[PDB]
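Spelled out, the chains give:
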Amino acid sequence: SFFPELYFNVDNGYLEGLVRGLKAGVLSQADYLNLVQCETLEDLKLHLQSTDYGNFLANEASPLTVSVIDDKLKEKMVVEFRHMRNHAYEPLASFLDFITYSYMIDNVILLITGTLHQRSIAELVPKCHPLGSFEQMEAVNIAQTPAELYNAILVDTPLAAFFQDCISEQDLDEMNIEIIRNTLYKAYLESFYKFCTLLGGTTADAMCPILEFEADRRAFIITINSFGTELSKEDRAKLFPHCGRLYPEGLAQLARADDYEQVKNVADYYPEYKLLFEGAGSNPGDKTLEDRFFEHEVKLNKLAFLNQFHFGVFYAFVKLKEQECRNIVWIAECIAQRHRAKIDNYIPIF
Amino acid sequence: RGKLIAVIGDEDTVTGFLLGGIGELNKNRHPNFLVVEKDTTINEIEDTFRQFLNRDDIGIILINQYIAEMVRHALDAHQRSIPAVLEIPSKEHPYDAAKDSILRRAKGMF
Amino acid sequence: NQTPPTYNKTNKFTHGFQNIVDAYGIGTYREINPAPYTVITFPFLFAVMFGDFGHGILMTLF
Amino acid sequence: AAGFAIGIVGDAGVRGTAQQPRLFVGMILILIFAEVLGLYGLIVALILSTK
Amino acid sequence: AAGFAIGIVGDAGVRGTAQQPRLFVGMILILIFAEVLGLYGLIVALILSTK
Amino acid sequence: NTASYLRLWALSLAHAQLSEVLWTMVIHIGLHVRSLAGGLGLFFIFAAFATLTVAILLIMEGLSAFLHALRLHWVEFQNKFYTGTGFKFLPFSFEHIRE
Amino acid sequence: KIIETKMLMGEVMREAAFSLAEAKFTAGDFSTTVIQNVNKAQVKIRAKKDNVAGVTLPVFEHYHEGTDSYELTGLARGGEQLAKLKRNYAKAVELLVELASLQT
């Protein structure tokens, strides 16, 4: 429509140029090959210095470990994200907040559980993922009282709206922590998806396909993983988001399914997924189902940078950078453990 | 029922075992394990090791080799049978061989 | 003293007409079957809507 | 009005067909209905233009 | 109206072609219909202006 | 219901109107005072005419009239006497013969 | 047998550590949840006596108590990698139990 390409660049013009400039710095296939041809962590550092990465392990402990590279990679992209998030205006900032919500959700799961099993907040905060931040008090110095954390969340934490599904504290004590976090995430996906459709221009068309993919992916994987555990079929269905292509018809079959084959039979109705389940050879020395989903998700996030006037480039950016970290750490880990035959399990991000 | 296995090791080692189904809280909410980070000092490891020896519900203790080196005096000082201590390679440290109690006890083994 | 099924005997010709009736619903036990009259009534009302000599030929030949 | 229907039906129909080859015939029939909708306007215009 | 279609179809066509080079002929054929829509405009306009 | 049967008029009228216009604006155009050119043109024009007659009238209008006449039975006729529900009779049968 | 068992322990840890890296790749940071959320053990060890001769030696015996482990699909739902990881360590645990008994 005529919705983009007009007012977009007035406030978001700078950031759009910056974020695509940052994308230009992602490791290419040629660069990954140079990183694979190392077999030494110190040599890995040297090859990283060839790109926008590098000089970030400087002044660290003389022994170089994988755990250090992992933390540093996250830190770099967090700074770049926060920089763009801070130099931004409400029209975009609210969109970006949803991205941060995904990480905040995990972090508040950490704040509970520990609070429920008398652990101090100060002990928990150091292990929270960046971007959660939680600069607000009341969530701090809760005195290991679940009620104090529950009230702090409703009031100060932006995720308060999502907790409407899991309320009264009773839910915190009686529900399994994983059902609580899956329920909260569902609420996130439902609101975030609708938000993208309210921005019913290029962003909706470029962004929603990715969110719909995630919703359908989780429905597939949850159904499979839930087979061997103790979970009512109805409670499992309660966690299936309605923002996807399985919602019209398909989730009903996954909710009833008790076998991998039945899950695949559902995919058979959706070629975009059927190909993934067929590609997921799952051999004892092959790629698995999760790997094919990761490859698809990246394909979609790359296509996001085919539109020059939307918000989906910023969401895709974060996910592509996170996969970049997963790729780099995998290489560092393969070197540390010397599993060279498994080195080519990174997801190319162009 | 009888005995628990206590683990003193790095982040990945402890995590793996906990997923392995081994390890639990005592009635005093104490955990039969310690996660040893770069900021963890010698007194914390040594005191933890000793307390596990002072608990009648533990027994086998699993420790990373590099940790055993840090508090080695405590592992040779105590010679009993409840506290059977096994030393294992960390994710990055290499396979153990030297200074192994058994290779030392037996003069006919590599 | 249970509700019996509704059985209508059909043949190679009348079966199709019974089906377009059943498409709406299964009649009450011992209900008057509309199909014997549908066989003519429906084509007639159609022919009123589609009363076209030339196309009727094409349709017949098909 | 007919163009609107063609637009929406084509958009959904093309994607639906890719996920379901059996939809092709149904898609065409909906398109034929849209063509008939366009013709209706032509018919009235032809009656008026010579009246 | 024709130019609008040109915009929408060309933009989508390029993204599609980037993924699928076989799309080249298809999108060009569609663009031909939009050009014809513009031509129809010219035809009527010329007929009226010289009438 | 009495008004509903105006479906008979509406569909019969529409068909006649489509036929007159489809004839006049398609096949008439295939005729011309030039002998050979007329014949050769009528060849191609007729094929298009037959195509439109089938595509628009033989299929679609027959299809709409098919349903609308059936609806008249469903809504106005049957609802005067054909009431209630029953169960489909499913006896033991050797159904899988063609398979 | 103790020397052969020690050898196997090494190889098993090599596989387990790689499998952990695989679970980490998919899940991201699952270690934090596992470490904090601990309550009951699935595996416990029973004392047994080995009457090898007039002397009796203490041995450990693996006891699969049966209490269910934590069900984790929260991070990227990497349940299959976590399940293979549980199995890989479960094997490690059984070997280590046997291993400690052999030290006697």
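Counting of residues restarts from 1 for each chain and follows the sequence as written, so the numbers need not equal those of the entry; residues with no coordinates are not shown. In the order they appear in the text, chains get letters beginning with A and ligands get numbers beginning with 1. The chains in this view make up only part of a larger assembly, and the values are for that part alone. The side-chain quantities take in all heavy atoms of the structure and omit both hydrogens and water.

Per the PDB entry, chain D is named V-type proton ATPase 16 kDa proteolipid subunit, and its organism is Rattus norvegicus.

Under the annotation held in the PDB entry, chain A carries the name V-type proton ATPase subunit and is attributed to Rattus norvegicus.

Caption draft 1: View of the overall build of chain A. By the criteria applied, helices consist of DSSP H or I runs no shorter than four residues and strands consist of E runs no shorter than two, each listed in order from the N terminus. Assigned secondary structure in chain A consists of 16 helices and zero strands. Expected size for 350 residues packed as a compact globule is a radius of gyration near 20 Å; at 21 Å, chain A falls within 12% of this value. Counting only C-alpha atoms, chain A reaches 55 × 50 × 50 Å along its principal axes. Within chain A, the fraction of its 350 residues that count as buried is 51%. Residue contacts are defined here by distance: any two heavy atoms, one from each residue, within 4.5 Å place the two residues in contact. Counting contacts in chain A only where the partners sit at least 6 residues apart, residues at least 24 apart contribute 63% of the total. For the charge count, each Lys or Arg is scored as positive and each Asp or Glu as negative, with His and the chain ends excluded. Charge positions come from single atoms, namely NZ of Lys, CZ of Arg, CG of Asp or CD of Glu. Side chains of chain A give 32 positive and 51 negative charges; the mean places of these two sets differ by 5 Å. Taken over C-alpha atoms, the radius of gyration is set against a globule rule of 2.2 Å times the number of residues to the power 0.38. Categorising residues by exposure relies on relative accessible area from a 1.4 Å probe, with only protein chains included: less than 20% of the type maximum marks a residue as buried, more than 50% marks it as exposed, and the intermediate range marks it as partly exposed.

Caption draft 2: Local environment of the pairing of strand β3 (residues 60-64) of chain B. All names here are of chain B. Most of β3 is tucked away: five of the five residues are buried. Residues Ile60, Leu62 and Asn64 point to one face of β3 and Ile61 and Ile63 to the other, with burial holding for every one of them. Any two strands with at least two DSSP bridges between them are considered paired. Judged from the four bridges that link them, strand β1 (residues 5-9) and β3 form a sheet pairing that is parallel. By the bridge assignment for β3, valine 7 is matched with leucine 62. The sheet contact formed by β3 and strand β4 (residues 85-88) spans four bridges and is parallel. Considered in β4, the bridge of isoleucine 61 is made with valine 85.

Caption draft 3: The arrangement of the interface of chain C and chain F in detail. In this complex, chain C contributes 28 residues to the contact, which on the side of chain F involves 30 residues. Summed over both sides, the interface of chain C with chain F buries roughly 2900 Å², with 70% coming from carbon and sulfur. It is C:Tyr24, C:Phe42 and C:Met49 that lose the most area in chain C upon contact with chain F, and together they represent 25% of the buried surface on that side. In this structure, the salt-bridge partner of F:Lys88 is C:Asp22, at a minimum N-O distance of 2.9 Å. Residues adjacent in sequence count toward polar contacts only when both atoms are side-chain atoms; beyond that, a polar contact is any pair of N or O atoms within 3.5 Å, and within protein one must be able to donate a hydrogen and the other to accept it. Taken together, the connections running from chain C to chain F amount to 10 residue pairs in polar contact. Listing elements by their share of the side of chain C that touches chain F, those giving two or more residues are α1 (15-22), α2 (35-49) and α3 (53-61) of chain C. No other element matches the seven residues that α2(C) contributes to the side of chain C that touches chain F. For the side of chain C that touches chain F, a count of residues per class yields 17 nonpolar, eight polar and three charged. Here the quantity called buried area is the total loss of accessible area, with a 1.4 Å probe, experienced by two parts when brought into contact, counted for both. Each reported salt bridge corresponds to a side-chain nitrogen of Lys or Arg within 4 Å of a carboxyl oxygen of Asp or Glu. Following the grouping adopted for this structure description, the nonpolar residues are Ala, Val, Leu, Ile, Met, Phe, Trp, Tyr, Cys and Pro, the charged ones are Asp, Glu, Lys and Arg, and the polar ones are all others, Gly among them.

Caption draft 4: Quick peek at the state of the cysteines. Residues and elements named next belong to chain A. The disulfide criterion is simple: two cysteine sulfur atoms within 2.5 Å. Summed over the entire model, instances satisfying the criterion amount to zero disulfides over all chains. Of all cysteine sulfurs in the structure, the one in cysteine 334 sits closest to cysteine 38, which takes part in no disulfide; the separation is 12 Å. Since its relative accessible area comes to 9%, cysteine 38 is described here as buried. You can see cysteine 196 has no disulfide; the closest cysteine sulfur is in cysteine 208, sitting 5.4 Å from it. With relative accessibility at 0%, the residue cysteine 196 sits in the buried group.

Caption draft 5: Examining the nonpolar core more closely. Side-chain atoms within 4.5 Å are what join buried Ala, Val, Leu, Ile, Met, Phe, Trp, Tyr and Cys residues into a set we call a nonpolar core. Counting residues in each nonpolar core, the largest one holds 120 residues, and the members touching the most others are A:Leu44, A:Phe95, A:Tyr188, A:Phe192, A:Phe220, A:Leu254 and A:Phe277. Sorting elements by how many residues they give to this core places helix α16 (residues 312-337) of chain A first, with 15 residues. Once you skip the residues sitting within four places of it in the chain, A:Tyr188 turns out to touch A:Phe98, A:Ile99, A:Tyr101, A:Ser102, A:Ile105 and A:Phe162. Counting residues in each nonpolar core, the second largest holds 42 residues, with B:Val7, G:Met13, G:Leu85 and G:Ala92 among its members.

Caption draft 6: Spotlight on the environment of A:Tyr270. With respect to the element layout, A:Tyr270 can be found in the loop between α13 (260-267) and α14 (271-279). A residue is classified by how much of its surface remains accessible, and A:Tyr270, at 11% relative accessible area, is buried. For A:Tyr270, the contacting residues outside a window of four places in its chain are A:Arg245, A:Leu246, A:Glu249 and D:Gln19. For A:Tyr270, the side chain forms a polar contact with the main-chain oxygen of A:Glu249, separated by 2.6 Å.

Caption draft 7: Examining a nonpolar patch on the surface more closely. Surface patches are defined over residues having more than 30% relative accessible area and no salt bridge, joining like charges when they lie within 9 Å and nonpolar side chains (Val, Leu, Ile, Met, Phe, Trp, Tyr) when within 5 Å. Here the Shrake-Rupley method, with its probe set to 1.4 Å, supplies the accessible areas, and only the displayed protein chains count as covering residues. Taken together, E:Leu39, E:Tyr40, E:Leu42, E:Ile43, E:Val44, E:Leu46, E:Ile47 and E:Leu48 make up a surface patch of nonpolar side chains, about 780 Å² in accessible area. Inspection of the secondary structure puts E:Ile47 in helix α2 (residues 23-49).

Caption draft 8: Representation of the pattern of salt bridges within the structure. All names here are of chain G. Per the counting criterion, the structure on display carries 41 salt bridges over all chains. The salt bridge partner of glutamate 98 is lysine 1, with a shortest N-O separation of 2.6 Å. Taken together, the residues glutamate 98 in helix α3 (residues 79-103) and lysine 1 in the segment before α1 (2-27) connect sequence positions 97 residues apart. On the accessibility criterion, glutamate 98 (34% relative accessible area) is partly exposed. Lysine 1 sits in the exposed class, given a relative accessible area of 63%.

Caption draft 9: Main features of the interface of chain B and chain G. Between chain B and chain G, the residue contacts involve 39 residues of the former and 37 residues of the latter. On inspection of chain B and its partner chain G, the count reaches three salt bridges. Among the ionic pairs, B:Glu24 bridges to G:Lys44, the shortest N-O distance being 3.9 Å. Remark: the boundary between chain B and chain G carries 11 residue pairs in polar contact. Of all the secondary structure elements, the ones that give two or more residues to the side of chain B that touches chain G are α1 (11-19), β2 (33-35), β3, β4 and α5 (101-105) of chain B. A per-class count over the side of chain B that touches chain G returns 21 nonpolar, eight polar and 10 charged.

Caption draft 10: Up close: the sheet that holds β1(B). All names here are of chain B. Spatially, four strands are ordered β2-β1-β3-β4 in an open sheet, and the strand pairing comes out parallel. Every interior strand has two partners, whereas the edge strands, β2 and β4, have only one. Taking each pair of neighbouring strands and ignoring which way they run, the sheet shows an average axis angle of 15°. Lying over the sheet, helix α2 (residues 42-53) contacts β1, β2, β3 and β4, oriented at roughly 170° with respect to β1. Axes here refer to lines fitted to C-alpha atoms; in helices the fit is confined to the stretch in contact. Angles between the N-to-C directions go from 0 to 180 degrees.

Caption draft 11: Quick peek at the environment of A:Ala304. Residue and element names in this part refer to chain A. Here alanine 304 shows up in the loop between α15 (289-303) and α16. According to the relative accessible area criterion, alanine 304 is buried, its value standing at 2%. Counting along the chain gives 10 residues from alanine 304 to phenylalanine 314, while the straight-line C-alpha distance between them is 8.9 Å. Apart from the residues lying within four places of it in its own chain, the contact partners of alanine 304 are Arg20, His310, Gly312 and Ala316.

Caption draft 12: Seen up close, the packing of α15(A) against α16(A). Residues and elements named next belong to chain A. Here α15 crosses α16 at 140°, and the two axes come no closer than 9 Å. Here α15 is positioned oblique relative to α16, judged by the angle of their axes. For α15 against α16, the interelement crossing comes out left-handed. Residue-level contacts link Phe294, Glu297, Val298, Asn301 and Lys302 of α15 to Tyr315, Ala316, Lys319, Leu320, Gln323 and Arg326 of α16. Within the contact of α15 with α16, the residues separate by chemical class into five nonpolar, two polar and four charged. Oblique is the label for any angle not under 35 degrees, not over 145, and not in the 65 to 115 range, which are roughly parallel, roughly antiparallel and roughly perpendicular in turn. Definitions for this section: a left-handed crossing has its near helix turned counterclockwise from the far helix by less than a right angle. A right-handed crossing has that turn clockwise.

Caption draft 13: The arrangement of the arrangement of the chains in detail. Looking across the seven pairs of chains in contact, one finds the most contacts between chains B and G. There is no contact between chain B and chain E; across them, the least C-alpha separation is 42 Å. Across the gap from chain E to chain F, with no contact made, the nearest C-alpha atoms are 19 Å apart.

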